[PDB]
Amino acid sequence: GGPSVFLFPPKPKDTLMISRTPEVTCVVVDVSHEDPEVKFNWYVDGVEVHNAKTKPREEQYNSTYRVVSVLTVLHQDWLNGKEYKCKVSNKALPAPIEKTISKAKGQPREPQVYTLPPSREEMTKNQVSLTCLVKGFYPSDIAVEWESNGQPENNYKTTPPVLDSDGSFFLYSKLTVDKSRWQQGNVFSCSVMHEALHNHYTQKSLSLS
């Protein structure tokens, strides 16, 4: 086992907002001292591209090198399902290692977003759970956040996406708030970003009624 290669996608948010900078990152670890030269070749749908930004090798504490190449992707290319190939050549290798990444193949499907209030039986407790259910989406690349009054609500966790029986995905996000904030009629909102949403955004709010 000479070097190993890991190829990382853009963050889901980066491909959905034109203001952001989506990237694919090709990382090569366990490059030896005896064969330290690394060459990257990058292909987009199998055609070679020359605009990647490759950093100089960095020696790790375990006396091997780590080398990183970063390819900027166009938002619409990623969303049109183009395939990104990183080919890594090194003299310790019997053959160059190739890795490919893309958005998961399939027709995109819009997330249905539903907000659910706390159970009345949780209403004895000091802190209470506000739920956002996001279902029927494809592919599973998605981002979820909570706000109240224009401001990020930081006490939330989101489940990974889960493959549903019809082939789409779902998840839940849980915001935890002090009981009293919920009593006071505060409006909380769950926001979702996904390629199949109009403007890649929807928001759903939830309040005591």
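Residue numbers here begin at 1 and follow the sequence given.
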| property | result |
| --- | --- |
| Segment of higher mean CA temperature factor, 84-92 or 114-122 | 114-122 |
| Stretch with the higher entry mean CA B-factor, where the candidates are 97-105 and 124-132 | 124-132 |
| Top Cα B factor in the deposited entry, candidates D164, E34, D141, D45 | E34 |
| Candidate set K39, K53, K179, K157 [ranked by C-alpha B-factor, highest] | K179 |
| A196, C-alpha B-factor rank within chain (lowest, middle or highest third) | middle |
| Assigned third (lowest, middle, highest) for the C-alpha B factor of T25 | lowest |
| Modelled-residue ranking by C-alpha temperature factor, third containing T64 | middle |
| Modelled-residue ranking by C-alpha temperature factor, third containing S19 | middle |
| Modelled-residue ranking by C-alpha temperature factor, third containing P12 | middle |
